[PDB]
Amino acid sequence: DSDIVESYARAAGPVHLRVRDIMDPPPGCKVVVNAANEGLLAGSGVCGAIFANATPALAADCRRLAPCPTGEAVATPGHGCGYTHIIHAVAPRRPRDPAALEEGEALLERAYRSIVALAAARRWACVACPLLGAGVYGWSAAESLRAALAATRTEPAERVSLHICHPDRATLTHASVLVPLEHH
């Protein structure tokens, strides 16, 4: 646990900020979150990496399940990507000029809430998660962390610990400063 930048106490469960690749499962996490699109298609970034390490059966399962509305999540087996299961969660694209922005912050928080509720219902206690929306969808690492740390205040039926993974140390330490700074 030397990769942990910070650990936050939240109603859902501890949120750990971890310097590691999403494809390098944290100890105890058998379940990973895909930063997915509404069509559940392979993309770049995290979604690319998960699909890169899986069988075609994953695309087949997504064909059966698509679309996943923005703000929602849906599960599939992991099909050899290194995790037993994948939680495909769809973050909104960041609105370019409000008032869609406040609407989009709520939808980003909702995506995280959807992950937690889904994991709780499957009794998955630990989930490895990227910073939803912090790639091509345009959100910053701090916006995505703030959203996760807001979403996890909603108490779930069963505790779920989010291990948030990003391979770049500076991105995470920077984010860990901006979150409290907003409130300062």
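Start at 1 with the first residue shown and count on from there.
Checklist entry - Comparing 86-94 with 99-107, which stretch shows the greater average C-alpha B-factor in the deposited entry? => result Per the PDB entry, the higher value belongs to 99-107.
Next on the checklist: Going by the mean C-alpha B-factor recorded in the entry, which is higher: 122-130 or 63-71?
Outcome noted: Stretch with the greater average CA B-factor: 63-71.
Checklist entry - Among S144, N34, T154, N53, which residue carries the highest C-alpha B-factor recorded in the PDB entry? => result Spelled out: the listed residue with the top C-alpha B-factor is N53.
Item to check | Out of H174, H166, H163, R10, residue topping the C-alpha B-factor column of the entry | outcome: If I rank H174, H166, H163, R10 by C-alpha B-factor, first place goes to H166.
Next on the checklist: Using only modelled residues of the chain, where does the Cα B factor of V136 rank: lowest third, middle third or highest third?
Outcome noted: Highest third.
Item to check | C29 by Cα B-factor - lowest, middle or highest third of the modelled chain | outcome: Within its chain, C29 is a middle-third residue by C-alpha B-factor, going by the deposited values.
Checklist entry - With respect to C-alpha B-factor, does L40 fall in the lowest, middle or highest third of the chain as deposited? => result Highest third, going by the recorded CA B-factors of the chain.
Item to check | Third of the chain, ranked by Cα B-factor, where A148 sits | outcome: Lowest third - that is where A148 ends up once the chain's C-alpha B-factors are sorted.
Checklist entry - If you rank every modelled residue in this chain by C-alpha B factor, which third holds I115: lowest, middle or highest? => result Lowest third.
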